[PDB]
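# Structure assessment
Below are the chains, spelled out letter by letter.
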Amino acid sequence: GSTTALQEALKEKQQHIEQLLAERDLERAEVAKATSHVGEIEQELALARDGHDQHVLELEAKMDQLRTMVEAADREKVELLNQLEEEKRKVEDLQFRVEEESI
Amino acid sequence: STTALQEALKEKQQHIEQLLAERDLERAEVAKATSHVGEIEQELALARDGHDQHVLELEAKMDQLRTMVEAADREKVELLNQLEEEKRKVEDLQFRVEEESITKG
Amino acid sequence: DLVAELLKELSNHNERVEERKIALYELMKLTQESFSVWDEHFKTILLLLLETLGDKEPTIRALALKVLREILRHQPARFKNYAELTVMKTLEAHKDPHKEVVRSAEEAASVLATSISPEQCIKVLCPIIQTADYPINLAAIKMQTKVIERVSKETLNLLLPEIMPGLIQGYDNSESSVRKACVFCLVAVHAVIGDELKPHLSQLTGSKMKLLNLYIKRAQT
Amino acid sequence: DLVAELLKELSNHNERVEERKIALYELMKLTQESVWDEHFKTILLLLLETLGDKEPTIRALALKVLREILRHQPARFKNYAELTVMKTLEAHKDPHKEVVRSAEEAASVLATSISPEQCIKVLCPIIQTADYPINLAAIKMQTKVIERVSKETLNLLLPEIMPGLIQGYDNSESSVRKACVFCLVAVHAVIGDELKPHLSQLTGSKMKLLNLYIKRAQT
C-alpha cells in the first residue's frame, strides 16, 4: 500500500510548487518597486541638478555685477578724496595768507 | 497506475528545481536593484548637501558685497558734503580778502 | 497698509528713536521707488514730518529733513499751498545747534529753493530778510538768490521795489556771510536785468559798488 | 617658496604691471600677517627700485607697502634711514596726486620710526638746498620728528636746524613759510623762551606772526 504514499508525495510537491509561485510573484513585485524607486530618484536628481544650475548661474551674474559696482564706487571715492584734499590745502593756504595780512 | 504517478513525480520535481533556480536569480536581481537604489540615493543626498553649501557661500559673498556697496556709497556722500563745506569755506575766505583789499587799498 | 503702519510708527514724537529712524528710512526708500498713494496720503506725511522737526532728538530732525528733501525732489507739486509754512519751518531749522541738522537743512533749503513757486517765495522772504535773526536771514537770502535764478525778467522787474530794501540794508549788516550773500543776490539780479539795476543802487558807497562790480566781472567769466 | 615666486615676479622692471600689482598686494598681505629676518633687504631694494617705475599706481602701492613695513618693523631701517628718507622726499615731487598722497603717508609713518637725530641731521641740508616741494616735505617731516625728541638733543641740534627754518621763512613759496612757522612752533613747544635768542635777527612782523600762532597752539 505504498501507492497512497506516492499520491501524498505528489500532493506535497504540488503544494510546494504553488507556494514557490506565490513567493516568486512577490519577489517580482519587489523588483518592480525598486525599479520605480530608481526612476523617481532619477527624476529628483534631474530637477535638483537643473534648478541648482540655473540658480548658480544667476547668482554668478549678480555677483560679478556687484563687483563692478564696488570697483567703480571706490574709484569715485578715491577721486573725491583727492578733490577734498586739494580744497583743504586751498583753505589752509588762504587762511595762512589772511593771518599774514591781518598782522 | 503506479508508473503514471512516478512519471508525474519526476516531472513535478523538475518543475520544482527550475523554480528554485529561477527564484535565486530573481533574488540576485533584487540585490542588484537594491544596491542601485542605495547608490542613487547617496548621489541625491550628496547633490542636495553640496548644492546647499555652495548656495550658502554664494549668498554670503553676495551680502558682504552688498554691505560694502552700501557703506561705500554712504562714505561717498559724506565725502561730497565735506567737499562742499571746504569749497564754500574757500569762497568765504576769498570774499574777506577782496573786502579787506577794498578797505585798505 | 504698509504706509499706514509706517505712519503709525512716525506718530510717536520724541519717543522710539530707533524704530522711527527705521520708519523714516523705509519712507525714503519707498519714496525712491507708489506714485498715486500720495494723492490720498501726502498731507498727513508732511504734517508728521514738520511736527518731527521739533523733536528733542537731533538725528531724528536731520533725518526728517533729508526725507523732506527727497519728497521735495520727487513730487514737488503737492507743496503748492503749503510753501510759506515749509519755508518758515526749514529756515527755523537752520538755527539748530547741531551741525548735521543745519547741513541737512541747507540741502533741503537748496532743493526747496529749486522747487517752490518763485513769486510767492520772494514775497514771503522779503520781511524775513528784513527781520529774522542770524542765521535765518542768511539762509533766506541764499534761497531768494536761488529763486531769482528762476524768475523772468518782467516778474523780477515788477518785484524789485520789494526785493531791494532788504538787500541794501542787509549789505550794511555786520555778519560777513550776510554781506556776501547780498552781493551774490545782487549779482543774480544783475544777471537778469543788467544795466537797468544801476539806478536802484544809488544809495551804496563807492567801496561796496567796487566789491559788487568785482563779483559781477567774476560771474561773467 | 611662496614669497620667492612673488619676488621673482617683482624682478620684471617696467613690465607685467598687473602681475606685479598682485605680487605687491600679496606681500602687503603677508606684512599684515619672521621671514623678514632673512629676506628683508632684497625686498627693500626692489621697493626702492619700484619708486622709479613708469607706472604711477605701482609706485603708490609700493609706497603703501613701504608704509606697512615701516609701521610693522621700524628697527630694520636703522642702517638705511638716510637713503629711505632721500627716496621718499624725492618721491614727493611726483606729478601724480595719489602718489604724492601715498608718499606723504609713507613719510608720515617714516617720521615716527626712524632715529630722530640722524633724521634731523640728514634733513637739514635738504631744507637748505632742495627744490619745492621736497624742501617742504622735509620741513614737515622735521616737525614730526621734532615732536619726538628730548629737550637736550634738540638743544644740541638747534644751531644746525635754525638757519634752514629762517631761510625757509624767507622763501617765496607760501607753503614753505607756513611749514617753517609750524616747525618753529614745535620747537617752542619743547624749549620755550630759549628759542628767542636764536631769533634776534628776525623782523618784528614775522615775530608777531609767530607769537600769534604760538598763542593759537597754547589754547
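Please refer to the structure higher up on the page.
So, a few notes on the structure that sits alongside this text. (Residues numbered from 1 in each chain as written, not as in the entry; some residues may be left out. Chains lettered and ligands numbered in written order. Heavy atoms only, no water. Residues with missing side-chain atoms left out of burial classes, pairs and counts.)

For chain D, the count of helices and strands is 11 helices and 0 strands. Reading the secondary structure of chain D in the N-to-C direction produces α-α-α-α-α-α-α-α-α-α-α. Expressed along its principal axes, the backbone C-alpha trace of chain D runs to roughly 65 × 35 × 30 Å. (Helix = DSSP H or I, 4+ residues; strand = E, 2+ residues; numbered from the N terminus.)

Counted according to the given criterion, the structure contains 45 salt bridges over all chains. B:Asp24 is the salt-bridge partner of B:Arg23, the closest N and O atoms lying 3.8 Å from each other. A relative accessible area of 26% means that B:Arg23 is categorised as partly exposed. Linked through salt bridges whose partners overlap, the residues forming this network are A:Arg24, A:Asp25, A:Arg28, B:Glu22 and B:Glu26. (Salt bridge = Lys/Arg side-chain N within 4 Å of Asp/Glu carboxyl O. Buried < 20%, exposed > 50% of the residue type's maximum accessible area, 1.4 Å probe, protein only.)

Residues and elements named next belong to chain D. For helix α5 (residues 81-91), every residue scored as buried is listed here: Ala81, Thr84, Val85, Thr88, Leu89 and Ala91. Burial along α5 is one-sided: seen end-on, the buried residues are contained in an arc of 155°. Structurally, α5 contributes buried residues whose contacts are with α4 (56-72), α6 (97-111), α7 (116-129) and α8 (134-146). (Arc of directions from axis to C-beta. Contact = heavy atoms within 4.5 Å.)

What follows is about unusual backbone geometry. Between C:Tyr134 and the following residue, C:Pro135, the backbone shows a cis peptide bond with an omega angle of 0°. With respect to the helices and strands, C:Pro135 occurs in the loop between α7 (118-131) and α8 (136-148). Looking along the chain, the bond that leaves D:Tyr132 and enters D:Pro133 is cis, with omega of 0°. Mapped onto the secondary structure, D:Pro133 falls in the loop between α7 and α8.

Residue and element names in this part refer to chain C. Counting through the fold element by element, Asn137 comes out in helix α8. Assessed through its relative accessible area of 7%, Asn137 is described here as buried. Other than its neighbours up to four places away in sequence, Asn137 contacts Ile128, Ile129, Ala132, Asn173 and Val178.

Attention now goes to the interface of chain B and chain C. Counting from both sides, the interface comprises 9 residues of chain B and, opposite them, 15 residues of chain C. Here chain B and chain C share 3 salt bridges between them. The partner of B:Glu99 in a salt bridge is C:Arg179, and the shortest N-O contact between them spans 3.2 Å. Viewed at the interface, chain C and chain B are joined by 4 residue pairs in polar contact. Residue classes in the side of chain B that touches chain C are distributed as 2 nonpolar, 2 polar and 5 charged. (Polar contact = N/O pair within 3.5 Å; in protein donor to acceptor, adjacent residues only side chain to side chain. Nonpolar A, V, L, I, M, F, W, Y, C, P; charged D, E, K, R; others polar.)

Okay, the packing of helix α1 (residues 2-10) of chain D against helix α2 (residues 17-32) of chain D next. Residue and element names in this part refer to chain D. Two numbers describe how α1 lies on α2: the axes approach to 9 Å, and their chain directions differ by 140°. By the angle class used here, α1 and α2 are oblique. Considering only the axes of α1 and α2, their crossing is left-handed. Residue-level contacts link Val3, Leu6, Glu9 and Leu10 of α1 to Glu19, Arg20, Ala23, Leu24, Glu26, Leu27 and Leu30 of α2. (Axes fitted to C-alpha atoms, helices over the stretch in contact; angles between N-to-C directions. Parallel < 35°, antiparallel > 145°, perpendicular 65-115°, else oblique. Left-handed = near helix turned anticlockwise from the far one by under 90°.)

Between chain B and chain A, the contact holds 50 residues from the first and 50 residues from the second. Of the roughly 4900 Å² buried between chain B and chain A, counting both surfaces, carbon and sulfur atoms make up 78%. It is B:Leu9, B:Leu44 and B:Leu79 in chain B that bury the most area against chain A; as a group they hold 11% of the surface buried on that side. Linking chain B to chain A there are 8 salt bridges. Between A:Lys77 and B:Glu75 there is a salt bridge whose closest N-O contact spans 2.5 Å. Put simply, chain B and chain A have 8 residue pairs in polar contact between them. (Buried area = accessible area lost by both parts, 1.4 Å probe.)

Okay, the nonpolar core next. Formed by 79 residues in total, the largest nonpolar core has its most connected members in D:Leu89, D:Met141 and D:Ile161. In terms of residues, this core owes the most to one element, helix α10 (residues 174-191) of chain D, which gives 10 residues. In contact with D:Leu89, not counting residues within four places along its chain, are D:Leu123, D:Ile126, D:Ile134, D:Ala137, D:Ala138 and D:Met141. Counting residues in hydrophobic clusters, the runner-up holds 77 residues, among them C:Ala64, C:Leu91, C:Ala140 and C:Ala181. (Core = buried A, V, L, I, M, F, W, Y, C linked by side-chain atoms within 4.5 Å.)

The protein chains that touch form 3 pairs of chains, and the pair with the most contacts between them is chains A and B. Between chain A and chain C there is no contact; the minimum C-alpha to C-alpha separation amounts to 15 Å. Contact between chain B and chain D is absent, and the minimum C-alpha spacing across the pair is 16 Å.

This part covers the packing of aromatic side chains. For the structure on display, the rule yields 7 aromatic pairs over all chains. Here the aromatic rings of C:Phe184 and C:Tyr215 are separated by 5.5 Å at their centres, their planes lie at 65°, and the arrangement is edge-to-face. Highlighted residues: C:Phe184 in helix α10 (residues 176-193) and C:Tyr215 in helix α11 (residues 206-220), separated in sequence by 31 residues. The class for C:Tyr215 is buried, based on a relative accessible area of 7%. Taken together through their ring pairs, the aromatic side chains of A:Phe96, D:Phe182 and D:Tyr213 make up a single cluster. Sitting over the ring of C:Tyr171, C:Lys208 keeps its end group 4.7 Å from the ring centre. A cation over a ring is seen here: D:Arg216 above D:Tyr213, with NZ or CZ 5.0 Å from the ring centre. (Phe/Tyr/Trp six-rings, centres within 6.5 Å; stacked < 30°, edge-to-face > 60°. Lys NZ or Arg CZ within 6 Å of the ring centre and 35° of its normal.)

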